[PDB]
Amino acid sequence: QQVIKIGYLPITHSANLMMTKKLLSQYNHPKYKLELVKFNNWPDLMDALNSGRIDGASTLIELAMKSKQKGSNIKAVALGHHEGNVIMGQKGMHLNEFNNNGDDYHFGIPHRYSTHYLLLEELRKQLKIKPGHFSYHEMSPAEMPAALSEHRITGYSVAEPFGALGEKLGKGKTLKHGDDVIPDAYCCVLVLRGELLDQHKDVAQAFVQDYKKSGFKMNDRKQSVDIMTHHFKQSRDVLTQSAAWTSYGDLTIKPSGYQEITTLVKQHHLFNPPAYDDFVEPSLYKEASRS
Ligand SMILES: [Zn+2]
Ligand SMILES: [Zn+2]
């Protein structure tokens, strides 16, 4: 039976894929096989997606949009989650520390095309700090705690559990949750390569359907923690904190939410974003039953 390979990073934004996998194991005869392929950074994951070594992936929405603007055959079918993003600073730092008086502040981000960059820029404006006084440095999420503890950066923005890990692993302080900066900003989405939708629609629909059911199971916090402790190289305390600030449920990619990201990408001249109908294929998730 048809194997679907889906790529991910071990962050809460991809945890609904783990739940989907667990649910699929409960059928006597599942309609497809789900292979979850792990990556440590975003560029490696996108290369596997673009070369077809994986059939889909949970990925940064801006990164996927840029790839789409560059001719990618992918389509976003659902959100991976709601919230679950943080902005970390060095130990004992206060938001009032930031000013226009001295040297520039250095922030780690997972990729230049990320909601993390947008969150930080919005926080910069809310703090009335001049443009260019925050400098951004791309790095893998797992590398951020060490970069922070060893003062190569002032702070960072990333999906949990990499903020909670910063607090545990040495010295990091949670300055802000994404929620406090841009309420319900979309971050990661489940994207599928176009051929799955065109050529294996029954399998694609079955997969999104299991994914949809899983999304609602994940509202129960005990479950989201249990799913993650199983799959991720993190302790239960780090993952309880991580799960507490992430939500799932209705994972529809809504036009309004998508439009917010396009506005922000356009506003920072990142790239010209693709229209909703060219990037998003919301039929699979809408037709899938909640039950
Ligand atoms: Zn991330
Ligand atoms: Zn994300």
# chains A, B, ... in the order shown; residues from 1 in each chain; ligands from 1
call {"tool": "residues_around", "arguments": {"residues": "residue 232 of chain A", "least_positions_apart": "6", "cutoff": "10 Å", "atoms": "only C-alpha atoms", "output": "count of residues only"}}
result
8
call {"tool": "select_by_dssp", "arguments": {"residues": "segment 55-118 of chain A", "states": "strand (DSSP E)", "output": "list in words"}}
result
residues 56, 57, 58, 59, 60, 75, 76, 77, 78, 79, 82, 83, 85, 86, 87, 88, 89, 105, 106, 107, 108 and 109 of chain A
call {"tool": "closest_atom_pairs", "arguments": {"of": "chain A", "to": "ligand 2", "cutoff": "12 Å", "atoms": "only C-alpha atoms and all ligand atoms", "output": "CSV"}}
result
residue,atom,partner,partner_atom_place_in_ligand_line,distance
A:8,CA,ligand 2,1 (Zn),10.2
A:9,CA,ligand 2,1 (Zn),9.1
A:10,CA,ligand 2,1 (Zn),10.4
A:11,CA,ligand 2,1 (Zn),7.6
A:12,CA,ligand 2,1 (Zn),8.0
A:13,CA,ligand 2,1 (Zn),5.2
A:14,CA,ligand 2,1 (Zn),7.8
A:15,CA,ligand 2,1 (Zn),10.8
A:41,CA,ligand 2,1 (Zn),11.9
A:42,CA,ligand 2,1 (Zn),10.4
A:57,CA,ligand 2,1 (Zn),11.7
A:58,CA,ligand 2,1 (Zn),8.2
A:59,CA,ligand 2,1 (Zn),6.6
A:60,CA,ligand 2,1 (Zn),5.3
A:61,CA,ligand 2,1 (Zn),7.8
A:62,CA,ligand 2,1 (Zn),9.9
A:63,CA,ligand 2,1 (Zn),10.4
A:64,CA,ligand 2,1 (Zn),11.5
A:79,CA,ligand 2,1 (Zn),9.6
A:80,CA,ligand 2,1 (Zn),7.8
A:81,CA,ligand 2,1 (Zn),8.1
A:82,CA,ligand 2,1 (Zn),9.1
A:83,CA,ligand 2,1 (Zn),8.6
A:84,CA,ligand 2,1 (Zn),7.9
A:85,CA,ligand 2,1 (Zn),7.3
A:86,CA,ligand 2,1 (Zn),10.5
A:109,CA,ligand 2,1 (Zn),11.2
A:110,CA,ligand 2,1 (Zn),9.1
A:111,CA,ligand 2,1 (Zn),10.5
A:113,CA,ligand 2,1 (Zn),11.0
A:114,CA,ligand 2,1 (Zn),7.9
A:115,CA,ligand 2,1 (Zn),7.5
A:116,CA,ligand 2,1 (Zn),8.3
A:117,CA,ligand 2,1 (Zn),11.5
A:119,CA,ligand 2,1 (Zn),11.9
A:141,CA,ligand 2,1 (Zn),10.5
A:157,CA,ligand 2,1 (Zn),10.5
A:158,CA,ligand 2,1 (Zn),7.5
A:159,CA,ligand 2,1 (Zn),5.6
A:160,CA,ligand 2,1 (Zn),8.8
A:161,CA,ligand 2,1 (Zn),11.1
A:162,CA,ligand 2,1 (Zn),11.4
A:178,CA,ligand 2,1 (Zn),11.1
A:184,CA,ligand 2,1 (Zn),11.9
A:185,CA,ligand 2,1 (Zn),10.0
A:186,CA,ligand 2,1 (Zn),7.9
A:187,CA,ligand 2,1 (Zn),4.3
A:188,CA,ligand 2,1 (Zn),4.0
A:189,CA,ligand 2,1 (Zn),7.7
A:190,CA,ligand 2,1 (Zn),10.5
A:246,CA,ligand 2,1 (Zn),10.6
call {"tool": "closest_residue", "arguments": {"among": "A:250, A:260, A:138, A:150", "to": "ligand 1", "atoms": "only C-alpha atoms and all ligand atoms"}}
result
A:138
call {"tool": "closest_residue", "arguments": {"among": "A:132, A:215, A:255, A:102", "to": "residue 17 of chain A", "atoms": "only C-alpha atoms"}}
result
A:215
call {"tool": "residues_around", "arguments": {"residues": "residue 70 of chain A", "least_positions_apart": "6", "cutoff": "12 Å", "atoms": "only C-alpha atoms", "output": "list in words"}}
result
residues 50, 63, 64, 271, 272, 273, 274 and 279 of chain A
call {"tool": "atom_distance", "arguments": {"atom1": "atom CA of residue 4 of chain A", "atom2": "atom CA of residue 76 of chain A"}}
result
15.8 Å
call {"tool": "closest_residue", "arguments": {"among": "A:194, A:56, A:108, A:249", "to": "ligand 1", "atoms": "only C-alpha atoms and all ligand atoms"}}
result
A:108
call {"tool": "atom_distance", "arguments": {"atom1": "atom CA of residue 248 of chain A", "atom2": "atom CA of residue 27 of chain A"}}
result
22.6 Å
call {"tool": "closest_residue", "arguments": {"among": "A:75, A:21, A:53, A:125", "to": "residue 198 of chain A", "atoms": "only C-alpha atoms"}}
result
A:75
call {"tool": "residues_around", "arguments": {"residues": "residue 106 of chain A", "least_positions_apart": "2", "cutoff": "8 Å", "atoms": "only C-alpha atoms", "output": "count of residues only"}}
result
10
call {"tool": "closest_residue", "arguments": {"among": "A:67, A:139, A:55, A:29", "to": "ligand 1", "atoms": "only C-alpha atoms and all ligand atoms"}}
result
A:139
call {"tool": "residues_around", "arguments": {"residues": "residue 124 of chain A", "least_positions_apart": "2", "cutoff": "12 Å", "atoms": "only C-alpha atoms", "output": "ChimeraX atom specification"}}
result
/A:87,95-96,98-100,104-105,107,117-122,126-135,181
call {"tool": "write_last_selection", "arguments": {"atoms": "N, CA, C and O atoms", "output": "compact mmCIF listing (two decimals), in the first residue's frame"}}
result
# COMPACT_ATOMS: atom_id res chain seq x y z
N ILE A 87 9.71 34.50 21.93
CA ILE A 87 10.83 35.41 21.75
C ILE A 87 11.58 35.31 23.04
O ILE A 87 11.04 35.62 24.10
N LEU A 95 12.25 43.78 28.84
CA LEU A 95 11.84 44.43 27.59
C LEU A 95 12.22 45.92 27.54
O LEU A 95 12.45 46.46 26.45
N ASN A 96 12.31 46.56 28.71
CA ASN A 96 12.70 47.97 28.82
C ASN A 96 14.19 48.17 28.57
O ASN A 96 14.67 49.29 28.51
N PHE A 98 15.75 47.30 25.89
CA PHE A 98 15.91 47.69 24.49
C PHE A 98 15.73 49.20 24.24
O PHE A 98 14.74 49.80 24.66
N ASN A 99 16.71 49.79 23.56
CA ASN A 99 16.69 51.22 23.25
C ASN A 99 17.45 51.52 21.95
O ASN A 99 18.07 50.62 21.38
N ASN A 100 17.39 52.77 21.51
CA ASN A 100 18.07 53.21 20.28
C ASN A 100 19.42 53.85 20.55
O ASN A 100 20.11 54.28 19.61
N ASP A 104 23.49 47.67 18.13
CA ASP A 104 22.47 46.85 17.58
C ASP A 104 22.24 45.55 18.39
O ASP A 104 23.15 45.05 19.06
N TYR A 105 21.01 45.04 18.35
CA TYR A 105 20.66 43.80 19.02
C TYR A 105 20.64 42.67 17.99
O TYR A 105 20.18 42.85 16.86
N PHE A 107 19.42 38.92 16.85
CA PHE A 107 18.43 37.88 17.03
C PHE A 107 18.58 36.68 16.11
O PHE A 107 18.72 36.83 14.90
N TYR A 117 10.74 36.13 12.07
CA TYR A 117 11.25 37.43 11.60
C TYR A 117 10.14 38.49 11.73
O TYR A 117 10.39 39.60 12.19
N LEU A 118 8.93 38.15 11.31
CA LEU A 118 7.82 39.09 11.37
C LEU A 118 7.45 39.46 12.80
O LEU A 118 7.17 40.61 13.09
N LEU A 119 7.44 38.47 13.69
CA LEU A 119 7.12 38.71 15.10
C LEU A 119 8.12 39.68 15.71
O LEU A 119 7.75 40.63 16.42
N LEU A 120 9.40 39.45 15.41
CA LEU A 120 10.45 40.28 15.96
C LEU A 120 10.39 41.70 15.44
O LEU A 120 10.59 42.64 16.20
N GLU A 121 10.11 41.86 14.15
CA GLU A 121 9.98 43.18 13.57
C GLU A 121 8.77 43.92 14.13
O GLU A 121 8.79 45.15 14.27
N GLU A 122 7.70 43.19 14.41
CA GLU A 122 6.53 43.82 14.98
C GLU A 122 6.83 44.23 16.42
O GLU A 122 6.39 45.30 16.87
N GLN A 126 6.62 47.90 18.15
CA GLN A 126 5.85 48.14 19.38
C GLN A 126 6.72 48.77 20.47
O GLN A 126 6.25 49.58 21.26
N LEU A 127 8.01 48.40 20.49
CA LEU A 127 8.98 48.96 21.42
C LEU A 127 9.56 50.27 20.91
O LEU A 127 10.43 50.86 21.54
N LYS A 128 9.09 50.74 19.75
CA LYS A 128 9.53 52.00 19.15
C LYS A 128 11.05 52.05 18.91
O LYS A 128 11.66 53.09 19.05
N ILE A 129 11.64 50.92 18.54
CA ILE A 129 13.08 50.82 18.23
C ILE A 129 13.25 51.06 16.71
O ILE A 129 12.42 50.65 15.91
N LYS A 130 14.30 51.78 16.33
CA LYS A 130 14.52 52.12 14.91
C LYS A 130 14.81 50.91 14.03
O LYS A 130 15.44 49.94 14.47
N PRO A 131 14.33 50.96 12.78
CA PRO A 131 14.55 49.91 11.80
C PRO A 131 16.04 49.68 11.66
O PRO A 131 16.82 50.64 11.66
N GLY A 132 16.43 48.42 11.55
CA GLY A 132 17.84 48.07 11.44
C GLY A 132 18.55 47.98 12.78
O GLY A 132 19.73 47.65 12.82
N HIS A 133 17.87 48.28 13.88
CA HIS A 133 18.56 48.20 15.19
C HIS A 133 18.46 46.77 15.76
O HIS A 133 19.07 46.45 16.77
N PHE A 134 17.66 45.93 15.10
CA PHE A 134 17.59 44.49 15.35
C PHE A 134 18.24 43.89 14.09
O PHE A 134 17.85 44.23 12.98
N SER A 135 19.22 43.01 14.29
CA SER A 135 19.92 42.35 13.20
C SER A 135 19.57 40.88 13.33
O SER A 135 19.56 40.34 14.43
N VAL A 181 2.18 39.47 20.58
CA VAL A 181 2.75 40.35 19.58
C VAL A 181 1.87 40.39 18.34
O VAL A 181 1.47 41.46 17.92
call {"tool": "select_by_dssp", "arguments": {"residues": "segment 76-177 of chain A", "states": "alpha helix (DSSP H)", "output": "list in words"}}
result
residues 115, 116, 117, 118, 119, 120, 121, 122, 123, 124, 125, 126, 144, 145, 146, 147, 148, 149, 162, 163, 164, 165, 166, 167 and 168 of chain A
